[PDB]
Structure formats: C-alpha cells, structure tokens
Protein chains: 2
Amino acid sequence: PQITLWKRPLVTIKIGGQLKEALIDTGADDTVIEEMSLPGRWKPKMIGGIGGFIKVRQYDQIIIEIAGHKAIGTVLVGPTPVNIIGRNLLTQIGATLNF
Amino acid sequence: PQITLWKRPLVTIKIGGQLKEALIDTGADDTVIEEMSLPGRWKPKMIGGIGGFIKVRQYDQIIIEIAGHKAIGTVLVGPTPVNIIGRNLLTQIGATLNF
Ligand SMILES: CC(C)(C)NC(=O)[C@@H]1CN(Cc2cccnc2)CCN1C[C@@H](O)C[C@@H](Cc1ccccc1)C(=O)N[C@H]1c2ccccc2C[C@H]1O
C-alpha cells in the first residue's frame, strides 16, 4: 500500500489481543503505545519527545500486526496521546519513504 | 529517492540560504527548525508532542529546499531537539509512505 501525508498516516494495529489505531512515524526511533495492561516482565525507561521526557514501561519481543504485516520487537507503554509505530518496527514491515 | 528506515531519515535542507540537516518525520504535523535567524515576519505559536509543549516562532510562506525538492510553506523556529520536516512540507514535495 501507499499512504499519502495530507492527514495523519493512521493504520489499524493488533497488539496484546486488541485492535488499535496507530500513527506511522518515521521520526520516531521507538514504538510507543497508549497505556494498556500487557503481560509479563518489563523494564523502566524514559524517552524524549519534542517537549521533554516521559516515563514508559519497556516490553521486549512483543508481536504487533501493522496493517496486516507482523513485526516483533520492543514496545514502550505509557501515557502517550497517540499510538506511535516507530522505525524499530517499520523496518520489519518493509516501509519506505518515497519522493 | 526511496528511503529505508534502518537509520534516522536525515536529509539536507536549505532555509534562509543556509544548509542544515533535518529529520523526515511523518508523525509531525508541522515543520520545526532549531533556533536561527530567518528573514520574514513571524508570530508566536505553541506546538506539542511527547513530553509537552514548546514555544516557537511561526514564519509563513518560507522557501525551503528539502533533499533538492522545493517547498514554500510554514516553518516554525524554536527549541526543538532536532530539525523536523513534517507533513505540511512533505506533502509539497510529494512524499508518500509505502509498504
Ligand atoms: C519515540 C518518540 C515517540 C518519543 N519520539 C519522538 O517523539 C520524536 C522525538 N524527536 C526529538 C528527539 C528527542 C530526544 C532525542 N532524540 C530526538 C523528534 C521527533 N519525534 C517524533 C514525532 O513524530 C512524534 C510526534 C508524536 C505526536 C503525534 C501527534 C500528536 C502528539 C504527539 C510529535 O511530536 N508530533 C508533533 C509535532 C512535531 C513537530 C512539529 C509539530 C508537531 C505537532 C505534533 O504532530
């Protein structure tokens, strides 16, 4: 598929048995998901946005399905205002920017 | 070109006649550049992302070259951690996401 940039590039994802909407974000190094109760162990992390840092829980080896394509990797969970799919997972689905 | 996402998608820009490096950021609604002197009138604005808000100067109708492609549009200037090319200018240069 191709996604234009007139509007925020939102897609459906599946994570932890739930469907959500998420932003395809080439500027994000990491994937950040809104607060949800994912199972198992996690590690504390702080991550920086344009405005400063927030506290998140780092979960490793988490499977996400992104617009029908699987990715496995690290997912950060915390109080983000949007679900963000970052480069760590976008590479796995073969996503590119083109112009 | 076609840009993969294993590294940050950094490109060279020209703004106010000066070369800078900037991040292609599909998760950014707007374009924000680190503090610099820029010709034109501006108006105060606030933008928010992860971590909160920053105060910026909004410059309308600014000529900017992005990886050799011309755009003319709104450029925000302020204490962003990195120079960011957002959707307002990515649309101008014809950028799409593909997977
Ligand atoms: C891993 C994490 C998500 C924390 N990364 C970021 O936030 C990075 C931070 N770097 C910086 C950094 C910080 C620390 C270390 N390395 C890099 C700058 C680039 N952002 C990526 C942005 O695309 C993130 C989005 C998130 C968002 C989208 C919609 C609404 C709220 C939040 C973002 O901040 N977008 C905002 C945005 C951005 C620019 C201009 C205007 C606007 C408005 C809004 O679209």
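Looking at the PDB entry, chain A carries the name Pol polyprotein, with the source organism given as Human immunodeficiency virus 1.

J.: Hey, could you go over the pattern of salt bridges for me, with residue numbers and the actual values?
T.: In total, this model carries seven salt bridges over all chains according to the counting rule given. Between A:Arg87 and A:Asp29 there is a salt bridge; the shortest N-O distance is 2.9 Å. Placement of the pair is A:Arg87 in helix α1 (residues 87-90) and A:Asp29 in the loop between β3 (18-24) and β4 (32-34), with a sequence separation of 58 residues. What you see here is one network of salt bridges that share partners, running through A:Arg8, B:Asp29 and B:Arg87.

J.: Would you mind going over the UniProt feature "active site" in chain A in detail, with residue names and values included?
T.: Summarizing the sequence annotation, UniProt attributes the feature "active site" to A:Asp25 in the numbering used throughout. Judged by relative accessible area, which is 7%, A:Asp25 ranks as buried.

J.: Mind laying out the sheet that holds strand β9 (residues 96-98) of chain B, listing which residues take part and the relevant values?
T.: Ordered by their spatial adjacency, four strands build an open sheet running β1(A)-β9(B)-β9(A)-β1(B), and the pairing between neighbours is antiparallel. Here the strands that pair on one side only, and so sit at the sheet edges, are β1 (2-3) of chain A together with β1 (2-3) of chain B.

J.: Go over the interface of chain B and chain A, please, and point to the residues and values.
T.: Taken together, the contacts link 39 residues of chain B with 36 residues of chain A. Ranking the residues of chain B by area buried against chain A places B:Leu5, B:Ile50 and B:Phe99 at the top, with a combined share of 26%. On the surface where chain B and chain A come into contact, there are two salt bridges. Two residues, A:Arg8 and B:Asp29, come together in a salt bridge whose shortest N-O distance is 2.8 Å. Counted by class, the side of chain B that touches chain A contains 20 nonpolar, 14 polar and five charged residues. In terms of strand pairing, β1(A) meets β9(B) through two bridges, oriented antiparallel. Each bridged residue has a counterpart across the sheet, and for A:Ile3 the counterpart in β9(B) is B:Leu97.

Reading the values: rules and limits
- Residues numbered from 1 in each chain as written, not as in the entry; some residues may be left out.
- Chains lettered and ligands numbered in written order.
- Heavy atoms only, no water.
- Salt bridge = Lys/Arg side-chain N within 4 Å of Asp/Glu carboxyl O.
- Helix = DSSP H or I, 4+ residues; strand = E, 2+ residues; numbered from the N terminus.
- UniProt positions renumbered as here; feature names shortened; annotations may be inferred.
- Buried < 20%, exposed > 50% of the residue type's maximum accessible area, 1.4 Å probe, protein only.
- Pairing = 2+ DSSP bridges.
- Contact = heavy atoms within 4.5 Å.
- Buried area = accessible area lost by both parts, 1.4 Å probe.
- Nonpolar A, V, L, I, M, F, W, Y, C, P; charged D, E, K, R; others polar.

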